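Let me begin by presenting the structure, written as structure tokens, before commenting on it.
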Amino acid sequence: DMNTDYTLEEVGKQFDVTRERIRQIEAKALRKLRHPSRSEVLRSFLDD
DNA sequence: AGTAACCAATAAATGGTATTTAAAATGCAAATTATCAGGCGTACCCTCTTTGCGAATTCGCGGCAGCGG
DNA sequence: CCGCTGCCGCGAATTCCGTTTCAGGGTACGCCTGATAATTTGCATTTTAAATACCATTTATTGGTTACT
């Protein structure tokens, strides 16, 4: 939704300096969206 | 051959807030080889000559042209 | 001296369908040189067996005894 992607370092220095914390945030987000309830519609974009 | 839920207690039940760890891996921009792409030159003598052959027997119509009182 | 010939332009139904994606020019050669396009290393960011440093509310063990087949 935004023009460019900001790398891990920029996100860390903006929100919370910790680098591995961003890694844990992404891990938890992936874990949540892998929960079968939320992903149901996205499966329809399965073949691509 | 054995009743309790009394009131403390014990840490285990979690899933959540982070500065670390350095190793790895992953990308990144150099050096350093191959090969490709241009330029030049050639000294017996040689001199209009090749074409199109016909976007191919249309036809009907129009009009802008040269000759002419 | 304002008439007619002769040039050159311009135009000619509608949809589908089909099909061979296809061939034909007849002229040289060997140097230097720069000019890219290949190929070779290191450094940024992930991701790191995990290791690590605090908050957290919810069972677990629990403190066992007073009644009693």
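Following the order of the structure tokens, first chain is A, next is B, and so on, with residues numbered from 1 inside each chain and ligands from 1 in the order they appear.
If you take only C-alpha atoms (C1' of nucleotides) and a cut-off of 9 Å, the residues of chain A that reach chain C are residues 8, 9, 20 and 23 of chain A.
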Since we have the selection now, will you write its residues out, keeping C-alpha atoms, as a PDB file, in the first residue's frame?
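again_36.pdb, freshly written:
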```pdb
ATOM      1  CA  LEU A   8      14.569  -4.438   8.636  1.00  0.00           C
ATOM      2  CA  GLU A   9      17.028  -1.838   9.911  1.00  0.00           C
ATOM      3  CA  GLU A  20      15.501  -9.839  16.344  1.00  0.00           C
ATOM      4  CA  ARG A  23      12.012 -11.230  13.430  1.00  0.00           C
TER       5      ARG A  23
END
```
Produce a table with one row for each residue of chain A that has an atom at most 10 Å from any atom of chain B, each row naming the nearest atom pair and its distance in Å at one decimal; use only C-alpha atoms (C1' of nucleotides); arrange rows by chain and rising residue number; format as a Markdown table.
```
| residue | atom | partner | partner_atom | distance |
| --- | --- | --- | --- | --- |
| A:16 | CA | B:18 | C1' | 9.6 |
| A:17 | CA | B:19 | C1' | 9.3 |
| A:18 | CA | B:19 | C1' | 7.3 |
| A:19 | CA | B:19 | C1' | 9.9 |
| A:20 | CA | B:18 | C1' | 9.5 |
| A:21 | CA | B:18 | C1' | 7.4 |
```
Take the residues just selected and output them with N, CA and C atoms as a PDB file, in the first residue's frame.
```
ATOM      1  N   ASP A  16      11.216   0.042  17.056  1.00  0.00           N
ATOM      2  CA  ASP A  16      11.924  -0.498  18.209  1.00  0.00           C
ATOM      3  C   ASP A  16      13.258  -1.085  17.777  1.00  0.00           C
ATOM      4  N   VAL A  17      14.343  -0.488  18.266  1.00  0.00           N
ATOM      5  CA  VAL A  17      15.700  -0.688  17.765  1.00  0.00           C
ATOM      6  C   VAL A  17      16.040  -2.159  17.566  1.00  0.00           C
ATOM      7  N   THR A  18      15.489  -3.025  18.416  1.00  0.00           N
ATOM      8  CA  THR A  18      15.807  -4.445  18.376  1.00  0.00           C
ATOM      9  C   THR A  18      15.573  -5.034  16.993  1.00  0.00           C
ATOM     10  N   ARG A  19      16.578  -5.725  16.463  1.00  0.00           N
ATOM     11  CA  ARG A  19      16.428  -6.356  15.161  1.00  0.00           C
ATOM     12  C   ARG A  19      15.671  -7.667  15.288  1.00  0.00           C
ATOM     13  N   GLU A  20      16.136  -8.543  16.177  1.00  0.00           N
ATOM     14  CA  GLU A  20      15.501  -9.839  16.344  1.00  0.00           C
ATOM     15  C   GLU A  20      14.067  -9.722  16.833  1.00  0.00           C
ATOM     16  N   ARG A  21      13.708  -8.613  17.481  1.00  0.00           N
ATOM     17  CA  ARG A  21      12.311  -8.417  17.843  1.00  0.00           C
ATOM     18  C   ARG A  21      11.426  -8.328  16.610  1.00  0.00           C
TER      19      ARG A  21
END
```
Distance of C1' of residue 58 (chain C) from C1' of residue 14 (chain B), expressed in Å to one decimal place: 7.4 Å
DSSP helix (DSSP H, G or I) residues within chain A, as a PyMOL selection string: chain A and resi 8-14+19-33+42-45
I need the residues from that last selection saved to file as a compact mmCIF listing (two decimals), in the first residue's frame (with C-alpha atoms), if you can.
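Written output follows (out_21.txt):
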```
# COMPACT_ATOMS: atom_id res chain seq x y z
CA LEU A 8 14.57 -4.44 8.64
CA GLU A 9 17.03 -1.84 9.91
CA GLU A 10 14.76 1.08 9.06
CA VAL A 11 11.78 -0.56 10.77
CA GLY A 12 13.92 -1.24 13.83
CA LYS A 13 15.27 2.29 14.12
CA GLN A 14 11.75 3.65 13.60
CA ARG A 19 16.43 -6.36 15.16
CA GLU A 20 15.50 -9.84 16.34
CA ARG A 21 12.31 -8.42 17.84
CA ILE A 22 11.12 -7.64 14.32
CA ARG A 23 12.01 -11.23 13.43
CA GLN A 24 9.84 -12.47 16.30
CA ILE A 25 7.01 -10.14 15.27
CA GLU A 26 7.07 -11.57 11.75
CA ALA A 27 7.22 -15.10 13.12
CA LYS A 28 4.13 -14.49 15.24
CA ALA A 29 2.28 -12.80 12.37
CA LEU A 30 3.03 -15.76 10.11
CA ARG A 31 1.91 -18.11 12.86
CA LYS A 32 -1.38 -16.25 13.27
CA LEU A 33 -2.18 -16.01 9.58
CA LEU A 42 -6.48 -16.69 0.52
CA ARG A 43 -6.51 -20.39 -0.38
CA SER A 44 -8.59 -19.44 -3.41
CA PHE A 45 -5.43 -17.81 -4.76
```
Spatial neighbours of residue 34 (chain B), max dist 12 Å, only C-alpha atoms (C1' of nucleotides), sep filter under 4 positions, as a list in words: residues 36, 37, 38 and 39 of chain C
For N, CA, C and O atoms (P, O5', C5', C4', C3', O3' and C1' of nucleotides), I'd like the residues from the last selection saved as a short mmCIF file (atom, residue, chain, number, x, y, z; two decimals), in the first residue's frame.
```cif
data_model
loop_
_atom_site.label_atom_id
_atom_site.label_comp_id
_atom_site.auth_asym_id
_atom_site.auth_seq_id
_atom_site.Cartn_x
_atom_site.Cartn_y
_atom_site.Cartn_z
P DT C 36 31.96 0.07 -25.68
"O5'" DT C 36 31.10 -0.89 -24.74
"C5'" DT C 36 31.73 -2.00 -24.11
"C4'" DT C 36 31.14 -3.30 -24.62
"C3'" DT C 36 30.33 -4.06 -23.59
"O3'" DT C 36 29.38 -4.88 -24.23
"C1'" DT C 36 32.29 -5.27 -24.08
P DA C 37 28.19 -5.55 -23.39
"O5'" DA C 37 28.70 -7.04 -23.14
"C5'" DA C 37 28.94 -7.89 -24.24
"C4'" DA C 37 29.56 -9.20 -23.79
"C3'" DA C 37 28.79 -9.93 -22.70
"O3'" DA C 37 28.85 -11.32 -22.93
"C1'" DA C 37 30.97 -9.49 -21.96
P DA C 38 27.76 -12.29 -22.27
"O5'" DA C 38 28.14 -12.28 -20.72
"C5'" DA C 38 28.64 -13.45 -20.10
"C4'" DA C 38 30.10 -13.66 -20.41
"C3'" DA C 38 30.85 -14.50 -19.39
"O3'" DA C 38 30.76 -15.86 -19.74
"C1'" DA C 38 32.02 -12.48 -19.76
P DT C 39 30.68 -16.97 -18.58
"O5'" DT C 39 32.10 -16.86 -17.87
"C5'" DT C 39 32.24 -17.16 -16.49
"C4'" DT C 39 33.58 -16.69 -16.00
"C3'" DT C 39 33.78 -16.73 -14.49
"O3'" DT C 39 34.31 -17.99 -14.11
"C1'" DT C 39 34.36 -14.59 -15.31
#
```
